[PDB]
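Encoded as structure tokens, here's the structure I'll be asking about.
Here the chain labels run A, B and C in written order, and each chain numbers its own residues starting at 1.
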Amino acid sequence: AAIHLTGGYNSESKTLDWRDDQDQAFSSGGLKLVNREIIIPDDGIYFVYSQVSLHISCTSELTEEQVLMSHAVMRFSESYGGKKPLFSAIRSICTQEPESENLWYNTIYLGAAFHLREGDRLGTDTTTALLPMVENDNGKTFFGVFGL
Amino acid sequence: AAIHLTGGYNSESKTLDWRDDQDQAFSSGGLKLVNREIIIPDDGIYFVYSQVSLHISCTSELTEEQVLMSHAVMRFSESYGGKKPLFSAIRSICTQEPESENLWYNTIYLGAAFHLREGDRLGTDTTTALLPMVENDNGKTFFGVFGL
Amino acid sequence: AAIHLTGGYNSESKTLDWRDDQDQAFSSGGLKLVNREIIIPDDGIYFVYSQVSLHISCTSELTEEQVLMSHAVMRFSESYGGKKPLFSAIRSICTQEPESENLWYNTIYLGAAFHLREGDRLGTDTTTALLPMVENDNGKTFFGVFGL
């Protein structure tokens, strides 16, 4: 069971879109992509990881308002209506002086092993205000899971 | 054979206290937590990972004297003397303006495969001055090992 | 089948050199180092990871140049054209004010699962300007692959 997705920001849907048919993406052993969510085949331990790369416009009107870079993986269940934070990484953005603006680049990576159930659905959750700022080029942004 | 620990700052012992009994923590197949160290069950190859999440005050007075974000995994073995760094990561903290306020957030994540021996002990080594500021809200700070 | 390499800045040659015989480095099951490339034994899914650590003087010249930290893993395959980015991570460097110094420290870590073929070769690609400042001590800079 292994799966690696590449992702990008979409114009129509205001979301980060994962794909299993582009670049170095692949699906194997039951792990599969269904509506920007990874479906777990069986109960067991899986390693889950994600990266999101950003080019931030920054600038004073956007940084007097405080906005952090947050990248999380959310489980999904039919056994629960809401969502639960499997894990998340959070960083302060625009670590420099405002008027002098210039593009600021940063990447968040996290990975961990979890005790997941058959039928669990995993999706990502990145700061909505920074979504128009995600890169794709070559595996700059990805999502993947493998059975341990 | 896999272990996932969550950690928080312990105001009493003044240590990053890894636990296997909170959040998404689990121990399986022989890997276990004994006095802040992961004990290795058998000889073999293991993937080791750790994330530390910090919210730094930063100040002006806690600054100037250059303090760095450093997180490492140390290996203790019956095959040698004291401890050796399996790996470590380091970052410059507080890169925002001195007198200006706001809490600074930064996460550090490391993960690699290593050849280990039965009875081996893994522990973490994080910048002591920044320990009070570790953030253990739902596994933002974790330590885990799994056998390959 | 796993391999972990440590890396350092050659001074004689201006390159990031991977070593399979220093610190916690090891080779197992057919994964081997030939030049600065990891040779893949058989077809299959492999987890790939790499971390690079830098301490930069910083200055003003190379601040207004707006140079950024970039770390990528490239794949060489007969099944493809030239080299292709399995993944990459970019980061804004020196985010402090220039005239006052201290050295600026940062790290970039990447890891993901990929389907690779027998005879495939993996190498790294780091910002060539920053190569003089890669840390070679402990396990700050490394490259590794393991079969899933």
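Here, a contact is a pair of C-beta atoms (placed from the backbone, for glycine too) under 8 Å apart; a residue touches a chain by one contact, two chains touch by 3 or more.
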Graph class of chain-chain contacts, one of line, ring, star, complete, other: complete
Angle of rotation relating chain A to chain B [CA atoms, steps of 5 degrees]: 125
Centroid spacing, where centroids are CA-atom means, of chain A and chain C in whole angstrom: 23
Where chain C touches two or more other chains, by residue: 47, 95, 109, 111
Residue ranges of chain B touching chain C (in the complex, touch as defined): 45, 47, 66, 68, 72, 75, 84-92, 95, 108-115, 148
Chain B to chain A touching residues, read off their complex: 2, 4, 24, 26, 28, 47, 49, 51, 53, 95-97, 102-107, 109, 111, 138-140, 142, 144, 146
